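What follows is one structure encoded as structure tokens, with my remarks underneath.
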Amino acid sequence: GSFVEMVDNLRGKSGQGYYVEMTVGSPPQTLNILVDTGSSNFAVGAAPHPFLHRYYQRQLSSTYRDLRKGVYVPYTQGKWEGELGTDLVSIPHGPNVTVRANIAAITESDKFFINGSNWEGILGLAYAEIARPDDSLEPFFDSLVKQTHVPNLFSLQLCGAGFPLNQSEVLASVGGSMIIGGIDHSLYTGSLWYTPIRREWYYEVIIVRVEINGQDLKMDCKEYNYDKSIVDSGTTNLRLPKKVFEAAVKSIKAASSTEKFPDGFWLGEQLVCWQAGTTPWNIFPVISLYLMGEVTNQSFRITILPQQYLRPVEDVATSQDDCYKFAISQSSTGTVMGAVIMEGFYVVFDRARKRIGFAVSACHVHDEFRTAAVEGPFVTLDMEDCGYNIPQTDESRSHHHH
Ligand SMILES: CN1C(=O)[C@]2(CC(C)(C)Oc3ccc(-c4cccc(C#N)c4)cc32)N=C1N
Ligand code: NI
């Protein structure tokens with residue numbers, strides 16, 4: 001249970017995702033690649049772009065093969081598109097292996113790359129079902145497992161930033177670990193609790209109960225998972241379905257009511273500040289998500305602090321103060337357990353056993369009074385079904401699955 005070579009192999013800027021160094025081609029071309037458990041394509045910049053210092057140069061790789069097939073991926077924000085191919089891929093601070101993987105060479109994009117994020121591509125770690133153009137394009141991790149003896153599991157320790165902050169002109173640097181093929185016991189303390197992967201597409205899970213400062217939201221538990229709940233390293237925020245979001249904000253507002261913040265703050269569109277080191281953490285409540293256990297009628301809770309859901313942003317004009325962004329936001333596409341959740345925990349994506357593990361992270365930000373927690377079991381006599389069944393479209397139904 002020791003993977004020293006892979007510890008601290010993640011970097012990034014606060015709110016701009018976590019990336020790992022990868023190489024593509026022969027000889028190896030190094031790129032920084034966003035670690036994304038919310039998608040399933042390995043897609044890299046492969047042409048000049050204003051926000052790229054470098055890109056994958058297929059012509060420089062003796063081992064590159066063109067698959068003679070394009071790929072077009074639109075999404076809420078924008079789109080990326082390009083050409084499918086294969087090449088040799090490695091993770092220098094990962095397992096000592098080289099695999100031939102599918103690579104989408106991004107030739108055109110809109111609102112995909114971010115000025116200053118320092119990443120040039122994305123590593124989709126989710127399952128084939130949500131790969132583009134379709135589920136026949138083998139995702140990277142599937143290729144890695146099939147071609148090597150690497151166990152079918154990876155784990156993520158995402159470590160958040162906190163004041164004092166080093167720089168005023170740039171966003172705070174973040175670090176973390178992606179342990180490929182194993183669990184590193186130095187990265188967590190206490191018990192490691194597992195929730196089932198409901199279905200292998202996204203890393204979909206089931207939330208059975210939500211509490212804000214020990215107070216049950218008392219909603220039909222299907223609301224918590226409408227229309228899905230997923231664990232997504234490629235989302236910064238904790239994102240909650242509309243109804244759940246409104247209930248949560250109401251509760252957090254009430255607990256923090258000694259402070260009257262502008263509406264902009266609760267919408268995540270405006271910072272709030274206190275004098276250096278005087279942030280009244282104790283007025284903000286803890287948030288507990290109870291996740292379905294491996295055992296029928298059991299659940300466990302993961303509990304996060306305001307240190308997780310209030311993101312530090314050092315203002316150039318207000319460098320004397322500690323300023324924060326509210327990082328819980330509304331969703332119309334289900335619960336997203338993003339960096340806000342993951343930064344409290346060491347998270348084990350146990351694909352082999354169709355389960356996700358949570359333990360208290362050795363690097364989570366806390367204070368002397370409260371800690372992020374993973375606690376269980378909680379037993380519920382005749383526990384309800386909290387899963388939502390997404391209405392089946394004719395187009396989806398018409399697909400064959402040979
Ligand atoms: C929600 N989500 C996405 O929209 C997506 C979809 C896709 C097509 C792979 O493209 C991107 C590109 C950048 C980011 C991005 C940009 C800035 C910060 C962070 C983070 N954390 C992530 C996220 C994504 N992947 C996920 N999981
Ligand atoms: Ni058929």
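Every chain in the structure tokens takes a letter, A first, then B, and so on in the order presented; its residues are numbered from 1, and the ligands are numbered from 1 following the presented order.
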
Item to complete: Kindly provide, as number ranges by chain, all nucleotide and amino acid residues lying within 6 Å of ligand 1, counting only C-alpha atoms and all ligand atoms.
Response: A: 15-17, 36, 38-39, 112, 232-236

Give me a file of those residues, with N, CA and C atoms, as a short mmCIF file (atom, residue, chain, number, x, y, z; two decimals), in the first residue's frame.
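As a result, result30.cif now contains:
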```
data_model
loop_
_atom_site.label_atom_id
_atom_site.label_comp_id
_atom_site.auth_asym_id
_atom_site.auth_seq_id
_atom_site.Cartn_x
_atom_site.Cartn_y
_atom_site.Cartn_z
N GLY A 15 -9.65 26.18 -9.17
CA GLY A 15 -10.85 26.36 -9.99
C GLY A 15 -10.68 26.07 -11.47
N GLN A 16 -9.49 25.62 -11.86
CA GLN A 16 -9.21 25.35 -13.26
C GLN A 16 -8.85 23.88 -13.51
N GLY A 17 -9.17 23.03 -12.52
CA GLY A 17 -9.00 21.58 -12.63
C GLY A 17 -7.60 21.11 -12.23
N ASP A 36 -10.10 13.91 -15.57
CA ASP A 36 -11.55 14.12 -15.66
C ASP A 36 -12.37 12.83 -15.51
N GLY A 38 -15.40 12.78 -15.19
CA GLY A 38 -16.71 13.11 -15.76
C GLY A 38 -16.84 12.95 -17.27
N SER A 39 -15.81 12.38 -17.91
CA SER A 39 -15.84 12.17 -19.36
C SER A 39 -14.96 10.98 -19.73
N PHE A 112 -12.91 25.76 -24.83
CA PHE A 112 -12.42 24.50 -24.30
C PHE A 112 -11.16 24.77 -23.48
N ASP A 232 -17.20 13.67 -9.98
CA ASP A 232 -16.59 14.30 -11.16
C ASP A 232 -15.41 15.21 -10.83
N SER A 233 -14.19 14.71 -11.04
CA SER A 233 -12.97 15.48 -10.79
C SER A 233 -12.83 16.64 -11.78
N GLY A 234 -13.62 16.61 -12.86
CA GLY A 234 -13.62 17.68 -13.85
C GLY A 234 -14.65 18.78 -13.62
N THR A 235 -15.25 18.80 -12.43
CA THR A 235 -16.14 19.88 -12.00
C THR A 235 -15.56 20.48 -10.73
N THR A 236 -15.48 21.81 -10.65
CA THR A 236 -14.93 22.47 -9.46
C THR A 236 -15.88 22.40 -8.27
#
```

Practice prompt. Residues within 8 Å of ligand 2 should be enumerated using only C-alpha atoms and all ligand atoms and returned as a list in words.
Written response: residues 399, 400, 401 and 402 of chain A

Fill in: Test item: residues at most 6 Å from segment 171-178 of chain A, only C-alpha atoms, excluding those fewer than 5 positions along its chain, as a ChimeraX atom specification
/A:7-14,155-159

Item to complete: Could you find all residues in segment 42-284 of chain A that DSSP calls helix (DSSP H, G or I) from the backbone, and write them as a PyMOL selection string?
Response: chain A and resi 58-60+128-130+140-147+185-187+221-225+242-255+263-266+281-283

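Distance annotation: of A:26, A:285, A:148, A:93, the residue with the minimal separation from residue 250 of chain A is A:285; atom set is only C-alpha atoms.
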
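Coordinates place atom CA of residue 31 of chain A at a distance of 11.2 Å from atom CA of residue 123 of chain A.
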
Worksheet entry | Among listed residues A:205, A:289, A:305, A:89, nearest residue 372 of chain A (using only C-alpha atoms) |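 Of A:205, A:289, A:305, A:89, the one nearest residue 372 of chain A, counting only C-alpha atoms, is A:305.
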
Neighbours of segment 58-71 of chain A within 12 Å (only C-alpha atoms; same-chain residues fewer than 4 positions away dropped), as a PDB file with C-alpha atoms, in the first residue's frame?
```
ATOM      1  CA  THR A  23       3.641  11.685 -22.812  1.00  0.00           C
ATOM      2  CA  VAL A  24       2.316  10.937 -26.286  1.00  0.00           C
ATOM      3  CA  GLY A  25       4.218   9.528 -29.267  1.00  0.00           C
ATOM      4  CA  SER A  26       7.715   8.304 -30.067  1.00  0.00           C
ATOM      5  CA  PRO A  27       9.891   9.963 -28.934  1.00  0.00           C
ATOM      6  CA  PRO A  28       7.717  11.066 -25.971  1.00  0.00           C
ATOM      7  CA  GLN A  29       6.061  14.500 -26.219  1.00  0.00           C
ATOM      8  CA  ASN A  41     -12.165  10.586 -24.205  1.00  0.00           C
ATOM      9  CA  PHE A  42      -8.441  11.153 -24.251  1.00  0.00           C
ATOM     10  CA  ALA A  43      -8.365  14.396 -26.235  1.00  0.00           C
ATOM     11  CA  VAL A  44      -5.315  16.625 -26.695  1.00  0.00           C
ATOM     12  CA  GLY A  45      -4.565  19.960 -28.390  1.00  0.00           C
ATOM     13  CA  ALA A  46      -2.996  19.074 -31.750  1.00  0.00           C
ATOM     14  CA  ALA A  47      -2.908  22.456 -33.510  1.00  0.00           C
ATOM     15  CA  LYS A  79     -17.080  22.320 -28.292  1.00  0.00           C
ATOM     16  CA  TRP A  80     -13.932  20.499 -29.263  1.00  0.00           C
ATOM     17  CA  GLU A  81     -13.399  18.576 -32.473  1.00  0.00           C
ATOM     18  CA  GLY A  82     -10.675  16.713 -34.291  1.00  0.00           C
ATOM     19  CA  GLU A  83      -9.189  13.583 -35.743  1.00  0.00           C
ATOM     20  CA  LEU A  84      -9.076  10.126 -34.172  1.00  0.00           C
ATOM     21  CA  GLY A  85      -5.824   8.155 -34.080  1.00  0.00           C
ATOM     22  CA  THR A  86      -3.687   5.920 -31.880  1.00  0.00           C
ATOM     23  CA  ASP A  87      -0.215   6.362 -30.415  1.00  0.00           C
ATOM     24  CA  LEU A  88       1.996   5.279 -27.536  1.00  0.00           C
ATOM     25  CA  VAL A  89       1.084   6.928 -24.221  1.00  0.00           C
ATOM     26  CA  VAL A  99       0.255   1.647 -23.884  1.00  0.00           C
ATOM     27  CA  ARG A 100      -1.252   2.198 -27.319  1.00  0.00           C
ATOM     28  CA  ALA A 101      -4.325   4.329 -26.705  1.00  0.00           C
ATOM     29  CA  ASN A 102      -6.911   6.182 -28.730  1.00  0.00           C
ATOM     30  CA  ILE A 103      -6.091   9.882 -28.942  1.00  0.00           C
ATOM     31  CA  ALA A 104      -8.415  12.537 -30.275  1.00  0.00           C
ATOM     32  CA  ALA A 105      -6.228  15.207 -31.854  1.00  0.00           C
ATOM     33  CA  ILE A 106      -8.100  18.478 -31.231  1.00  0.00           C
ATOM     34  CA  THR A 107      -7.832  20.622 -34.365  1.00  0.00           C
ATOM     35  CA  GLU A 108     -10.573  23.153 -33.546  1.00  0.00           C
ATOM     36  CA  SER A 109     -12.251  24.224 -30.308  1.00  0.00           C
ATOM     37  CA  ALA A 131     -17.221   8.088 -25.093  1.00  0.00           C
ATOM     38  CA  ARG A 132     -17.464   9.977 -28.403  1.00  0.00           C
ATOM     39  CA  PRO A 133     -18.282   9.360 -31.221  1.00  0.00           C
ATOM     40  CA  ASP A 134     -19.653   6.190 -29.593  1.00  0.00           C
ATOM     41  CA  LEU A 137     -13.852   4.093 -28.923  1.00  0.00           C
TER      42      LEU A 137
END
```

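The shortest atom-to-atom distance to residue 193 of chain A, with only C-alpha atoms taken into account, belongs to A:293 out of A:387, A:338, A:293, A:50.
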
Worksheet item: Could you name the residues that touch segment 224-227 of chain A at 12 Å or less, counting only C-alpha atoms, but leaving out those on the same chain fewer than 3 positions away, as number ranges by chain?
Response: A: 198, 204-211, 217-221, 230, 239-245, 247-248, 289-292, 331-337, 385-391

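Each of A:187, A:203, A:135, A:5 was compared to residue 351 of chain A using only C-alpha atoms, and A:203 turns out to be the nearest.
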
Worksheet item: Just asking: which residues within segment 214-337 of chain A are strand (DSSP E) according to DSSP, as an MDAnalysis selection string?
Response: chainID A and resid 215:216 229:231 238:241 272:275 287:292 298:304 310:312 321:326 328:331 335:337

Worksheet item: Pick from A:281, A:266, A:371, A:143: nearest to residue 125 of chain A, with only C-alpha atoms counted?
Response: A:143

Fill in: Option closest in space to residue 296 of chain A, from A:257, A:282, A:318, A:195 [counting only C-alpha atoms]
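Ranking A:257, A:282, A:318, A:195 by distance to residue 296 of chain A, first place goes to A:195.
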